[PDB]
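Here is the structure we will look at.
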Amino acid sequence: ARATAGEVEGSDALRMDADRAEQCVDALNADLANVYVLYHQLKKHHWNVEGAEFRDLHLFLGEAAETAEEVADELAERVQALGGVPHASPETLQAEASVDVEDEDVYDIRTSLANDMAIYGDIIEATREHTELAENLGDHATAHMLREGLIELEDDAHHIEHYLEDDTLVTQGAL
Amino acid sequence: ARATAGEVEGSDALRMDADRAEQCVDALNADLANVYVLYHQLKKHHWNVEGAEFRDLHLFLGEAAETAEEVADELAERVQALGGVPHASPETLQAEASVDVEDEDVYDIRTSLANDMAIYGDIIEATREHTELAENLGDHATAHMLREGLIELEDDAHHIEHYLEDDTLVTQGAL
Amino acid sequence: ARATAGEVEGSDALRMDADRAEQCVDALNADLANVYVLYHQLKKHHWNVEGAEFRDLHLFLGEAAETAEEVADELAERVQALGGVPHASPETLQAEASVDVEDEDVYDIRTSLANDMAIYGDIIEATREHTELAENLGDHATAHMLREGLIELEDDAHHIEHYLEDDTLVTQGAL
Amino acid sequence: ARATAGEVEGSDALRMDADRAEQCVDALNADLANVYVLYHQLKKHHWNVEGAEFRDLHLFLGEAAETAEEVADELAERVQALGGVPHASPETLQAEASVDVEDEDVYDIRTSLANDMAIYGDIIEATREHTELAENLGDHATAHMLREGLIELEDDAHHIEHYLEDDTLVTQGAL
Amino acid sequence: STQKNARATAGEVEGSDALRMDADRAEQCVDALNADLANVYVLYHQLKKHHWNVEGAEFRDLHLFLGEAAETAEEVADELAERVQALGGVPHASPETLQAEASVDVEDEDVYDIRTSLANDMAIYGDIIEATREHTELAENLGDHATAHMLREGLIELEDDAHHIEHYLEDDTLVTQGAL
Amino acid sequence: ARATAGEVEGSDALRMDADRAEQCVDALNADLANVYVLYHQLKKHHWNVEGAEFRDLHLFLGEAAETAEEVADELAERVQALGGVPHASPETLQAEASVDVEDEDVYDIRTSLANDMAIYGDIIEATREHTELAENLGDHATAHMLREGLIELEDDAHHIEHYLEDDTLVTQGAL
Amino acid sequence: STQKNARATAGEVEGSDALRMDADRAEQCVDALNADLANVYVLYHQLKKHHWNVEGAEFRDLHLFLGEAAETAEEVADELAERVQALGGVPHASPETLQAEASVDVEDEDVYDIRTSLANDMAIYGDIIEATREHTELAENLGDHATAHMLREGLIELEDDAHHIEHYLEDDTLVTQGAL
Amino acid sequence: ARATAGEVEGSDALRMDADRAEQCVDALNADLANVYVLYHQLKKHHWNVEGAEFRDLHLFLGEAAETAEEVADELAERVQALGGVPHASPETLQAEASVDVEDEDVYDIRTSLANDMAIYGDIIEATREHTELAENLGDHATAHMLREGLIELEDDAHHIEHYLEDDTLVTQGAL
Amino acid sequence: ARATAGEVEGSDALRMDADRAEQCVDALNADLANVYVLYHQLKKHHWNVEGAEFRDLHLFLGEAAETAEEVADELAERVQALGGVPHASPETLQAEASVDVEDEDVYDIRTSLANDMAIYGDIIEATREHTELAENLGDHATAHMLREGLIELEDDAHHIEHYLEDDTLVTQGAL
Amino acid sequence: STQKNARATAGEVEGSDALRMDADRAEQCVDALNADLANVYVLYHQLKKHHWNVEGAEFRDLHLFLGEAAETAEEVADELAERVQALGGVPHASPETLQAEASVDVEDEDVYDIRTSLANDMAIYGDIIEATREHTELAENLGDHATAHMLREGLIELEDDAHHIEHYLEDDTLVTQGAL
Amino acid sequence: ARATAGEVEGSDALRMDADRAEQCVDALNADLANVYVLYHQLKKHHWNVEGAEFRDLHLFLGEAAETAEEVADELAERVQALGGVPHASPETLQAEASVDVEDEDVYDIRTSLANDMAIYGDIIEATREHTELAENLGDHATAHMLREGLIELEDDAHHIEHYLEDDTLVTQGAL
Ligand SMILES: [Fe+3]
Ligand SMILES: [Fe+3]
Ligand SMILES: [Fe+3]
Ligand SMILES: [Fe+3]
Ligand SMILES: [Fe+3]
Ligand SMILES: [Fe+3]
Ligand SMILES: [Fe+3]
Ligand SMILES: [Fe+3]
Ligand SMILES: [Fe+3]
Ligand SMILES: [Fe+3]
Ligand SMILES: [Fe+3]
Ligand SMILES: [Fe+3]
Ligand SMILES: [Fe+3]
Ligand SMILES: [Fe+3]
Ligand SMILES: [Fe+3]
Ligand SMILES: [Mg+2]
Ligand SMILES: [Mg+2]
Ligand SMILES: [Mg+2]
Ligand SMILES: [Mg+2]
Ligand SMILES: [Mg+2]
Ligand SMILES: [Mg+2]
Ligand SMILES: [Mg+2]
Ligand SMILES: [Mg+2]
Ligand SMILES: [Mg+2]
Ligand SMILES: [Mg+2]
Ligand SMILES: [Mg+2]
Ligand code: NA
Ligand code: NA
Ligand code: NA
């Protein structure tokens with residue numbers, strides 16, 4: 001093999017020694033796994049959402065999945081740039097994720113969104129810790145990328161929170 | 001000062017004597033104040049809307065706010081073109097507005113929309129009267145601008161009316 | 001749960017009874033799993049590719065991954081439309097996939113591309129058989145969707161074949 | 001009411017307790033009020049600017065106003081996301097603003113721009129302090145959002161500085 | 001009549017049966033629109049002159065503005081001429097004809113400073129703006145709501161450019177004696 | 001039913017009582033029926049046009065049909081906004097139309113275009129009268145919408161007139 | 001075999017292992033696609049000729065149409081040639097080869113009137129359309145659904161252009177003896 | 001006056017002495033006058049064209065007029081750049097033009113186009129002479145500009161020649 | 001026949017007598033034949049290119065073919081404009097071409113590109129001679145067109161030269 | 001002071017009152033940014049050299065990459081220079097000055113093979129990347145969060161291009177001895 | 001080394017012998033050095049411009065710098081294409097430039113622009129000489145490229161001349 005899973009070489013081009021690079025990679029690889037499980041669960045909810053609000057939700061969840069995909073790509077490319085091996089196979093990504101993943105049954109949209117919000121929250125807390133890590137290691141490019149991703153993730157988590165809030169235009173009358 | 005609040009000079013370039021220009025300015029400045037309070041309340045509702053329909057509403061209210069902003073800009077530039085001084089500070093705009101403005105608490109989305117619909121209705125009635133005024137003064141450019149704005153305002157007010165209507169895809173079952 | 005994994009309800013809107021739909025869904029879900037494994041492995045190779053041709057390959061592989069992701073989305077949405085439950089979690093996708101997936105080490109580019117070429121071939125052969133199945137059930141929309149995906153998959157597979165062919169501009173002199 | 005002005009609930013989605021969120025919200029709402037006063041005063045100057053440079057200034061000021069409006073929208077949405085109530089009505093915005101606002105007369109362009117420059121400086125100094133507050137609370141998304149706005153605000157402030165500098169192409173000969 | 005070489009004779013107005021506008025009504029509108037057309041094309045040509053020739057400390061901003069103003073005038077002229085033709089008239093066409101039929105004042109061929117140039121343009125705009133207002137009322141009074149609408153759409157663009165010129169001429173500036 | 005055909009409720013949002021709205025709706029619904037007949041006949045002529053000029057005419061007629069469809073949409077939406085019920089089914093549209101409609105045979109292009117020209121004229125004359133009705137009721141938005149449509153209708157009608165005029169580049173020599 | 005100068009010999013077909021298409025199946029498809037390619041490139045070149053040379057009262061509309069039709073034919077040729085290559089064959093390439101392998105009738109180098117020119121094109125389209133229909137059935141019968149799909153996507157574009165030519169030739173016109 | 005019609009100052013920026021510049025200016029001004037007469041007559045023909053081919057011609061003539069306008073602008077700007085005064089007023093442009101201009105009657109389209117073809121030919125011949133003049137003076141930018149314009153004018157003239165050619169799809173049968 | 005292959009009539013619109021036009025036409029037709037052979041061979045190489053660099057080459061060769069097609073179109077249109085008949089059928093174009101064309105076997109990419117380079121060089125030399133011819137006849141539009149085409153052909157020929165140069169990133173190590 | 005010909009003297013730093021940045025703080029930031037600017041403009045010019053001169057089997061892909069990399073460097077230089085000026089300093093300007101003030105190693109004027117060329121570029125990137133990291137900490141420590149933000153936005157683009165070069169130099173390839 | 005600074009090999013692809021190519025290369029390299037000094041000084045003036053007209057100038061100078069950069073790129077690529085070595089390092093470009101470069105102090109804008117005007121004039125004169133050189137060598141692509149660049153440089157030089165002219169809208173009154 002050209003590279004072995006779990007090894008971190010650092011980078012001469014980026015002037016990152018293997019020691020610092022390994023600490024960053026460890027964090028970024030853990031995030032990658034969670035963000036890809038998030039991407040797949042968002043896809044699931046995008047595909048399956050039904051009912052009175054479904055089309056708006058389908059569009060939102062599709063866009064949220066594309067965001068998660070792009071964050072994943074950034075995390076993975078950074079892992080590779082730092083001389084690591086990004087988690088790749090679906091079985092690896094899920095095994096390495098710490099978040100909870102739905103079983104293969106389809107739940108109602110409130111349950112589904114609440115499950116996703118939990119995932120977001122875990123990723124958000126982790127990402128805040130990892131940005132601090134990167135900045136303390138002097139890896140400002142990593143810290144900056146993590147913040148650029150964090151803002152997009154927090155926006156989506158916030159949207160979910162709002163979808164679940166106890167207000168509606170619907171009245172008893174209209175029923 | 002270069003110009004004093006409340007004074008109207010007219011315009012030699014536009015061949016509008018100060019007498020006619022003052023009548024138009026008086027109407028346009030009153031509209032400007034109401035339309036900017038409308039813009040700020042729409043922004044408020046855009047920011048705060050929550051629940052099952054929130055994202056569609058957030059997008060609608062954002063777009064409705066941008067429309068109000070553009071109408072305000074047009075009214076203000078016309079005031080200035082006619083040799084007047086458009087109402088400018090936030091405190092002035094609200095003091096000069098005749099419409100009701102919500103206090104700083106956040107109301108549920110039905111209440112919030114109903115409050116906005118009332119504002120629209122007042123602006124719509126006023127704008128119809130002001131277009132007639134402008135045309136009777138021979139200020140056809142003003143009358144035309146007012147109509148171009150009126151159609152956009154009536155479209156948004158109509159959308160609000162529809163959001164509040166007593167129909168829904170939701171059934172008791174789905175609850 | 002709202003739907004149980006493996007169940008196929010058909011669709012009243014699409015006038016497809018569950019019996020007929022089930023045959024199509026079993027094919028499309030098998031394809032979905034293989035295509036998402038392909039997507040993840042193309043992403044791996046996109047992230048990790050190095051050497052004299054790497055940027056052209058990085059771009060190709062990224063585009064190929066996007067094509068796979070879009071085909072997956074189409075298959076999953078068709079499953080759902082026919083009253084099925086698309087495979088969703090990463091562990092399910094890999095478990096339900098028939099194709100071979102690389103272990104987590106990184107291999108040289110010729111090895112990597114050859115591995116991908118084998119996955120394409122598997123999917124292309126299956127898709128051919130599934131288009132016939134769909135047309136024999138009278139599900140012309142599914143058969144049409146399969147063909148539109150098949151052509152894009154064959155194009156990428158054919159590109160891989162060309163990348164591995166025994167020609168080059170490079171000479172011993174230039175070495 | 002659904003939310004009472006001044007209250008800060010935090011956010012479960014964003015994993016920010018109310019205590020922590022409240023510190024951030026008090027800063028962001030203070031900034032919001034100053035930025036919306038800035039927006040309205042830039043609009044004033046956009047509408048009223050006259051003379052030899054007026055079209056270039058009209059365009060600059062209009063773009064600057066759009067930047068302010070976007071920064072305001074970001075601040076307000078962040079307040080709401082953290083479980084706060086963004087200042088909304090014009091009278092509230094001006095009352096909660098710390099910066100100085102022109103009276104309703106129109107001043108010459110150098111005076112007007114100098115007044116705006118002072119508002120920018122106030123906001124820029126506050127935003128610097130608020131980014132540090134956010135980062136010290138571990139609210140990296142807020143701190144990142146503050147910096148993205150800060151750079152655009154500094155750019156406009158710097159433009160104003162250049163407009164007021166003691167150089168020109170004009171000569172006594174050309175007069 | 002069947003042997004005339006011309007397809008239409010300048011100054012005649014036939015109305016339109018497609019548009020259900022009789023020739024009597026159409027003739028009143030065409031008289032107005034053709035007069036406007038001549039003035040707008042003189043404006044266009046003078047804006048072009050000023051666009052080409054403007055120099056000095058603000059010249060690039062003015063060059064861009066004047067070019068955009070000329071394009072606007074060209075577009076309004078096109079609309080007026082096409083409306084004359086739609087109503088069964090003959091739009092004034094040759095440059096000599098357009099200037100002969102124009103009521104506005106044209107600069108001679110020497111080049112003047114920018115303040116003079118813009119003030120001369122401002123006077124043209126004003127004359128056109130007053131006439132357009134009159135012609136909009138004429139069209140609405142005859143029930144030709146499409147012409148009235150078209151005139152208003154043009155008027156707002158011409159007023160905006162007239163207003164910009166008024167602003168360029170105003171007595172304010174960033175320049176100070178100390179910068180000089 | 002939610003609304004009964006022929007009923008006009010007015011609108012609270014738009015501050016139009018039913019009495020006033022009804023006058024406008026009766027005009028707009030009559031126009032709607034004629035414009036949709038026009039749309040269908042332009043489509044017919046678009047589909048069937050043949051000969052030396054057919055492609056230019058096919059494109060013109062298709063664009064003209066799109067214009068008619070947009071005018072119809074505007075009229076129908078205004079009817080609904082004023083609390084009316086827009087004519088909807090094809091049989092209703094043709095029954096409520098005052099203009100003449102071709103039988104199902106295909107006629108030569110001059111005949112076809114002349115038939116369309118007559119429909120345009122009818123609609124143009126009515127629209128002129130309806131804009132006056134709207135303005136006399138103080139419904140300036142409706143009157144403005146009517147004028148914006150009228151100009152596009154007159155443009156297409158005028159094109160037809162030119163297509164039928166007695167000139168051509170063709171000579172006996174070229175024959 | 002290891003010492004041949006050519007990388008591939010014209011007329012041989014190797015199939016594809018990437019595409020899981022054996023050479024026997026691939027050869028039947030390639031025979032069909034190459035024949036189509038030759039006819040489509042002759043069509044392309046004749047459409048170009050007519051685009052360049054068209055004159056008279058309708059010439060600009062026809063010039064645009066014929067240019068668009070040629071671009072369509074060029075695109076279909078590209079797809080057919082790339083499919084031949086994907087299936088392990090050698091697409092016909094040189095102009096002499098393309099015309100030699102084409103079954104359709106080509107105009108000689110003189111320029112004919114537009115009605116003649118379009119009628120000659122119409123005959124080419126028709127021949128290609130009938131063959132493409134046959135080849136789509138051939139591909140689907142061999143299980144080469146991607147080739148069949150590609151052929152259908154091409155066929156609809158070629159049919160649309162053939163139909164336009166049929167319309168241009170139809171016996172109607174706005175022109176009247178009185179306009180003449 | 002800043003500059004007198006007929007003065008040619010040359011340019012220090014462009015390193016063109018007044019003697020060389022004057023030769024170019026006289027040529028360019030001659031061309032400007034002709035090109036603007038061409039513009040006005042193309043407009044005339046665009047406005048008035050009627051009959052079986054009118055829409056295609058209306059479009060072509062509008063585009064040809066656009067091209068003539070852009071050539072005139074380039075000619076005039078170059079005059080000014082070389083320190084001369086471009087011909088400006090409509091009366092001056094027609095007086096200074098050497099080509100024949102139609103009287104104010106409207107002619108049939110064949111006559112109209114033949115008149116335009118003659119103007120084009122005169123301009124084309126002159127432009128070829130002026131390009132040679134420019135190159136002989138070492139004014140390669142002028143020469144290049146003249147050629148860039150020439151190619152566009154030749155293309156339009158060529159189109160007119162083709163419209164007038166003795167071919168058509170029309171048959172006596174169709175008549 | 002309307003025109004006989006080999007007749008050159010010149011143009012009254014372009015004020016080009018048949019004697020001058022014929023000299024240009026013969027030159028342009030020669031170039032047209034060569035450029036279309038070049039197009040067909042670039043297509044061939046685009047379709048067939050294989051190996052480590054094939055995708056970059058496939059793209060380059062497709063673009064080079066596009067450029068050759070556009071040059072041929074300009075050449076042919078100019079022939080026609082000058083009153084000649086452009087070479088049209090595939091057999092005629094190859095017969096009239098002076099450059100060498102590959103037989104129908106597929107060669108390796110270095111051989112293929114070297115064959116193309118030779119065609120380019122022949123065309124480039126001819127085009128330079130033809131530009132001088134055109135300018136000497138006073139046909140400046142032809143000369144300008146030829147140069148606009150020449151620069152694009154030279155750029156493509158230059159690229160081929162670079163692809164064939166004796167450098168690479170590949171090392172014996174990588175092999 | 002009132003009689004100096006220069007408007008600003010190279011090496012002086014005045015801070016900004018608009019930006020509420022005193023001269024002492026601003027001077028530390030400007031020293032850093034100007035040093036970066038010089039290195040980034042040397043990088044830009046060497047990327048341009050390599051873009052122009054690259055040849056061989058991968059040259060077109062590298063030509064495109066190097067052109068894009070140079071545009072990135074140009075953009076970063078622009079941002080650094082404009083920030084120096086905003087903080088009341090004088091950005092290094094002339095080519096001689098930029099290279100004199102640059103700490104990185106510049107190739108001599110001969111042309112080297114692509115592997116050598118890219119390795120020389122890689123060394124420049126690395127030096128700039130290490131300094132930029134230092135300067136981001138400097139800016140944040142002084143409370144100049146906008147400069148820090150700007151530096152990070154630049155750093156990520158420069159790191160991406162440095163990483164691409166690292167990949168181009170890696171010891172893998174599709175090429176095989178059999179293809180040779 | 002692959003090529004030595006100062007070697008000129010010509011090109012077999014472009015059919016340009018080293019003797020002819022060397023004459024062009026020397027000319028183009030001279031121009032490249034001057035154009036890059038011009039670029040750097042335009043950048044300088046873009047960065048530093050202050051005062052009443054600064055934003056318009058900042059924009060103009062940025063665009064002029066862009067144009068100079070693109071001309072330099074074309075010059076350098078042509079050098080390389082002809083088998084020479086383009087001047088590359090900043091020190092080499094300034095050493096090889098014949099134009100005067102400002103010292104590192106910042107001058108007022110009139111002085112700055114006058115310095116730039118002088119550089120433009122020197123380049124314009126040289127470029128005219130080089131175009132003639134190229135055409136005399138039969139290198140028509142070089143000649144054409146030089147003219148395409150010349151026209152853009154002349155336009156920018158002309159703008160600078162206009163900015164420096166003795167006119168303004170400013171009056172003593174406004175002061
Ligand atoms: Fe990626
Ligand atoms: Fe505005
Ligand atoms: Fe989807
Ligand atoms: Fe399709
Ligand atoms: Fe918002
Ligand atoms: Fe950012
Ligand atoms: Fe027009
Ligand atoms: Fe609609
Ligand atoms: Fe409008
Ligand atoms: Fe292709
Ligand atoms: Fe211009
Ligand atoms: Fe050009
Ligand atoms: Fe063409
Ligand atoms: Fe810049
Ligand atoms: Fe380049
Ligand atoms: Mg690596
Ligand atoms: Mg004013
Ligand atoms: Mg479902
Ligand atoms: Mg909330
Ligand atoms: Mg007519
Ligand atoms: Mg309703
Ligand atoms: Mg192959
Ligand atoms: Mg001048
Ligand atoms: Mg001809
Ligand atoms: Mg400064
Ligand atoms: Mg070389
Ligand atoms: Na390679
Ligand atoms: Na000024
Ligand atoms: Na015809």
Side-chain angles (χ1 to χ4, degrees), chain B residues 2-3 7-14 16 18 21 25 76-86, chain D residues 44-51 54-55 58 106 108-109, chain E residues 37 74-86 91 93 122 150 160 162-172, chain F residues 155 158-159 162, chain G residues 44-45 47-54 59-60 62-71 74, chain H residues 39-40 42-49 54-55 57-66 69 155 158-159 162, chain I residues 32 69-81 86 88 145:
Chain B
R2 268 188 84 68
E7 284 193 25
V8 177
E9 260 204 315
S11 167
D12 285 287
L14 304 180
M16 194 68 51
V25 166
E77 291 180 5
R78 196 57 179 168
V79 168
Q80 204 280 149
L82 295 173
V85 170
Chain D
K44 180 187 175 174
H45 294 159
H46 163 81
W47 294 330
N48 289 298
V49 64
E50 282 171 353
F54 94 97
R55 199 190 144 240
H58 176 83
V106 179
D108 65 85
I109 192 54
Chain E
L37 171 61
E74 197 204 358
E75 280 157 7
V76 170
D78 190 64
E79 288 279 356
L80 292 39
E82 295 186 1
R83 194 63 180 169
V84 169
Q85 212 279 147
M122 207 176 63
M150 182 195 319
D160 196 44
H163 166 256
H164 278 238
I165 293 167
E166 187 156 71
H167 280 203
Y168 273 121
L169 293 173
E170 276 283 3
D171 62 349
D172 198 10
Chain F
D155 195 41
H158 166 252
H159 276 69
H162 275 207
Chain G
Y44 164 79
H45 275 290
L47 289 172
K48 286 305 282 222
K49 178 178 181 186
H50 298 162
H51 164 81
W52 296 328
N53 287 308
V54 60
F59 96 97
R60 209 194 145 239
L62 286 161
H63 177 79
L64 290 168
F65 164 72
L66 293 160
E68 293 171 70
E71 178 176 278
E74 197 204 358
Chain H
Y39 166 86
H40 276 288
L42 293 173
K43 288 300 286 214
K44 182 190 176 167
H45 299 160
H46 162 77
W47 297 329
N48 289 295
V49 62
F54 94 97
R55 199 195 146 235
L57 285 164
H58 178 71
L59 294 168
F60 166 70
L61 290 162
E63 297 144 15
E66 191 178 33
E69 203 244 41
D155 198 40
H158 167 260
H159 284 233
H162 272 206
Chain I
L32 168 61
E69 203 244 41
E70 299 175 35
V71 168
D73 189 71
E74 295 267 31
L75 286 42
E77 293 182 356
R78 189 64 175 166
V79 161
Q80 206 284 142
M145 186 197 339

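Below, chain A is the first sequence line, B the second, and so on; all start at residue 1. Numbering of ligands and ligand atoms starts at 1, following listing order.
- The Fe ion (ligand 13) is the vertex of the angle joining OD1 of I:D73 and OE2 of I:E77, which measures 90° to the nearest 10°.
- For the residue pair H:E63 and H:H46, no side-chain donor N or O sits within less than 3.5 Å of a side-chain acceptor on the partner.
- Taking 2.8 Å as the threshold, H:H46 counts as a candidate ligand of the Fe ion (ligand 7), since one of its N, O or S atoms lies below it.
- None of the N, O or S atoms belonging to B:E9 lies under 2.8 Å away from the Mg ion (ligand 17).
- For the residue pair B:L82 and B:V8, the shortest heavy atom distance occurs at O-CG1, 3.6 Å.
- Residue contacts to the Mg ion (ligand 17): B:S11 brings no N, O or S atom closer than 2.8 Å.
- Residues I:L32 and I:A76 approach most closely at CD2-CB, 3.9 Å, considering heavy atoms.
- Of the angles at the Mg ion (ligand 17), the one spanning NE2 of E:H167 and OE2 of D:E50 is 90° when given to 10°.
- Among the candidates E:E166, E:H164, E:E170, the single residue satisfying the side-chain contact (heavy atoms from CB on, under 4.5 Å) test with D:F54 is E:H164.
- Taking backbone and side chain together, E:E79 holds no N, O or S atom under 2.8 Å from the Fe ion (ligand 7).
- Under the 3.5 Å distance criterion, with hydrogens and angles disregarded, a donor-acceptor pair is assigned to the side chains of E:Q85 and F:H162.
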